[PDB]
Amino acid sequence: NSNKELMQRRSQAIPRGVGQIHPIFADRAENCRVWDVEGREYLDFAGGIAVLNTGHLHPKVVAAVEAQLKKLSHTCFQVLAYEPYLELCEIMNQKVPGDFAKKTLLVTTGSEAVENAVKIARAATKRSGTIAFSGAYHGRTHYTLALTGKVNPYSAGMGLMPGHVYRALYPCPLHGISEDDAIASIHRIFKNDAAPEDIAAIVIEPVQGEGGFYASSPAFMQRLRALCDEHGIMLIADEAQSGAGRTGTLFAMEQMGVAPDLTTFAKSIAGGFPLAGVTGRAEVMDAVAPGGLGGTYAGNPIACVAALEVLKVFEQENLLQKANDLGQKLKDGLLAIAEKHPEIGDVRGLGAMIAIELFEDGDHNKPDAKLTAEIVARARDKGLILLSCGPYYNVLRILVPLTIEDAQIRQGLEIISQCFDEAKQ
């Protein structure tokens, strides 16, 4: 019942392959607070990696889950259906952007969601290839590791992942890749490796998560939409991390001015319970033949009621607006800290999907991974849990529950400021 003892036991029973960002064993939690086995208290700015937008154990969510535990926990929908699954699908068909008839499939993880969205796109187009972007992250199954634009550590040592996945450039002006280069990198694929007629879908994160919290602009997204229409390519928006309200709208695509053919959701959608899904143009969704979709746990009853309560909470507690206000308050505080620390070369984010990127002496081509990691460690020592991300591990992101208290906003910003001041000593 000590963090160190538990870490020792871990090294004996669990593979080192499962990294451990923080050597801490959480015991209990509530909203933005977490207590370890030693009773220490921490402020959670990671949110279980964008999974806790309604916070740890939201009362409404927990009450719903407890009620469902009195009825049943599993039947396997495809064997014996149940209402929570159907209801969520109906609601997602409406909530997901796209002014047309849609259908929803529930699965269990973000990885499976992307897996099924691609299987569906292939069935609908009768094509086999897919295009993803540099720095993308879509999961850890063989195929999603291929879609993921990061070999190390996700696929390191395992040999080459499935082929017929082509790499396009994600637009990122901060690093010299115009939206023109991005659109041009897709045409390069068409001309050099896979003609449009062999590409079932173009998979993209409206805002890259693990990739650095880089957001696609509406104009770029609009150009991509047009490129897919022109070629009959399904546009797949992976919103496992950008969805569930993190950006100010339930789904980031709503702010792009265009609708994808398929959308995946997970993480925060159920506020702490295993659930994910795929919503898309009905005709596309129906392309797969009966019996070709499913999974044992898919749309687990408890997770479904949890998701339904999360949606009601976003409405009841005005969480979308709070995401926006929270984001502005965070960037303002971050911009202040930056006026005193050159290493911070960028402060960005839609809604509450906030991040800052660190460069050596503000040199926009000198990723400061060491400083980034130093801040994470300092924040832990001050009781703050943070996550870094980005292909160069020089991006600090904030994923604190949207239900955060005013005081905790000040507390996190303060601690962060202290970290940059104590590191510069």
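One-based numbering along the sequence shown.
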*Hey, which bit's got the bigger mean C-alpha B factor in the entry, 56 to 64 or 365 to 373?*
365 to 373
_Using only C-alpha atoms and the B-factors in the entry, which stretch averages higher, 270 to 278 or 312 to 320?_
312 to 320
*Hey, out of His164, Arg167, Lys329, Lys119, whose CA B-factor is highest in the deposited coordinates?*
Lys329
*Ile344, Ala194, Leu147, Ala307, ranked by C-alpha B-factor: the highest one*: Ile344
_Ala50 by Cα B-factor - lowest, middle or highest third of the modelled chain_ = middle
*Sort the modelled residues of this chain by their C-alpha B factor and say whether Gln222 lands in the lowest, middle or highest third.*
highest
_Among the modelled residues of this chain, does the Cα B factor of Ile177 put it in the lowest, middle or highest third?_
highest
*Taking the C-alpha B-factors as the PDB entry records them, is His231 in the lowest, middle or highest third of its chain?*
middle
*Pull the Cα B-factor of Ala29 out of the PDB entry and bin it into the chain's lowest, middle or highest third.*
lowest
